[PDB]
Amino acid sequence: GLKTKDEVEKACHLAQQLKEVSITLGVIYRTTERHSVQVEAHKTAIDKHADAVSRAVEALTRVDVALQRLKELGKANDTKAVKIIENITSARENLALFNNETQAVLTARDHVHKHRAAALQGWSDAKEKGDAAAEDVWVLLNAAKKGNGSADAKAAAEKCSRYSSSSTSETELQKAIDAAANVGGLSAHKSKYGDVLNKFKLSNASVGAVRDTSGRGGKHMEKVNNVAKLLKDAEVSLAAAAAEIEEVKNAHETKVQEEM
């Protein structure tokens, strides 16, 4: 049992830090909500972009199907077809960029959710473990208020608050665990303490990953926004190109019919 003022103070500090784990982590976890909101906003914006560029995409598809027919007729080398293809190559390049950047945004969105789910699970495990370990320490602290053991040990136990004065950290929790290694009664739970600290680190690191991933996602989204506008702006000229190449293709069809 805890019989000295020193043992009581080491136990007190540890119990506070173990109990603080869930509190600190809930606060830290709640900072990831902005990133979940942002990544959901990226997805909505991508769906809106995909809709806005669909007419430009439809024109580019019409161009490829007219070109495929020209290849079948052996007329794909027609100078007008060649010229049209050159004129639309920026749009083809922009469409490939739009596809690539949107995919990068969507992967970052998946990673944000995955890191957030690991942060949540880490928080939940840390709380389960932390609260239980703090309860075992409190058995000793509460017993230390009565019976044998110095009057100073009892007074210190009576003064002990459930809660830490500030947020915990890997450093502070570790410091508390290490100080308690000297205390007989607490020493039986050393492996429990270690698992709490590993869950704290894991949750915290996952929160860091959410933030970094979200930043990368945002950079990709800025490129998506830029290239989506270039495609929408090209819509009218792309529709014109699709009609011209269809005319070229139609003239070659009628030249083949008339030549048979």
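Quick note: we count residues from 1 along the sequence shown, nothing fancier.
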Item to check | 105 to 113 set against 178 to 186, stretch whose average Cα temperature factor tops the other in the entry | outcome: 178 to 186
Next on the checklist: On mean Cα temperature factor in this entry, is 114 to 122 or 142 to 150 the higher one?
Outcome noted: 142 to 150
Checklist entry - For the listed residues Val27, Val210, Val227, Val63, which one has the largest C-alpha B-factor as given in the deposited model? => result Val227
Checklist entry - Comparing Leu95 with the other modelled residues of its chain, is its CA B-factor in the lowest, middle or highest third? => result lowest
Item to check | Third of chain Cα B-factors occupied by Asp233 | outcome: highest
Next on the checklist: Looking at the temperature factor on the CA atom of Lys159, which third of the chain's modelled residues does it land in?
Outcome noted: highest
Next on the checklist: Among the modelled residues of this chain, does the Cα B factor of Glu40 put it in the lowest, middle or highest third?
Outcome noted: lowest
Checklist entry - Within this chain, which third does the Cα B-factor at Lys192 fall in: lowest, middle or highest? => result highest
